[PDB]
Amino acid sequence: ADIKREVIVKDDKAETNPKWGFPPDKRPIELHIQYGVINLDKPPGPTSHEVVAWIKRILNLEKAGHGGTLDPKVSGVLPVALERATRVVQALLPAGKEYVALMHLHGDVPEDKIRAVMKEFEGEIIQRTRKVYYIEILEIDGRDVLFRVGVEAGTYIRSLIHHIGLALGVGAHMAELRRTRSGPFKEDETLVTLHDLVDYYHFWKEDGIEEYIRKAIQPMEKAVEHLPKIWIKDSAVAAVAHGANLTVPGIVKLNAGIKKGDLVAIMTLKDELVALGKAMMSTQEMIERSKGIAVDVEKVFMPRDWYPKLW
């Protein structure tokens, strides 16, 4: 579920100060890292915590955090938010995930049966109740089944495989698991390894080449790409950056379909992430009304200095 949401403009005349802030992808290298997220390919073996610890050491960081814990033996997409953007991984909690898994059946089962049974596991499953968007069988060799599966956040693949084994009557074991997608993070040019990071950091710090480290780290905004957004005026950015909740008068435009309780991303007119919050009203109410709290801000990312309050 990552289909472009419709945008409804409340203030057609709103403009932004080019001197305040920065286009997300045009931030000075240090700032880029301070507000960056790494689309890391976690290696099997270490825990996610240990991997993050390594990243902090490699990039000489003070803080960092991962989104969606991958177990020790599991490899693949591991979003790691850095420094000031650390908490942006919260935007990934509800993100859907895709995995590639190797299932080992404990008894012989006809290929036709395996395909039919794994076709019925698409949809709601209970492990409590989660949704499996799709199960694509890549290869079947006797007792080994290699398949790709898209799932709702919080779905346990090991349990899914266990239930598939029960349905087949022979039982099954998850021999290997690799996450291929977490929300907006997938196996594309942005997927990097720990060795890549070590080398790119070297090219930057020793050779003065920031190009590679820059490409190896994405702006934190990448983490909220699948979230409903609310774009606000420069003045509202200052207020929110200083701890206030977002009020309706500060809204310029927003995505349709937002409803009270939803996790939303507050954005500047330059598409910079200001803060994550819980919508207090629906898109319609935000457009109709002219006052009141539109969002209860839970976490602010925007530093107070980018869109300063000037008295």
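Numbers follow the displayed sequence, beginning with 1.
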Size class of the missing deposited segment between residue 127 and residue 128
10 or more
Which has the higher mean CA temperature factor in the PDB entry, 48-56 or 266-274?
48-56
Greater mean Cα temperature factor according to the PDB record, 36-44 or 279-287:
279-287
According to the deposited entry, which of 137, 82, 240, 217 has the largest Cα B-factor?
137
When you compare the CA B-factors of 192, 77, 93, 224 as listed in the entry, which one comes out on top?
93
Looking at the temperature factor on the CA atom of residue 24, which third of the chain's modelled residues does it land in?
middle
Among the modelled residues of its chain, the C-alpha B-factor of residue 302 falls in the third labelled lowest
Could you look up the Cα B-factor of residue 188 in the entry and say which third of the chain it sits in: lowest, middle or highest?
middle
Based on the deposited C-alpha B factors for this chain, I'd like to know if residue 229 is in the lowest, middle or highest third.
lowest
If you rank every modelled residue in this chain by C-alpha B factor, which third holds residue 253: lowest, middle or highest?
lowest
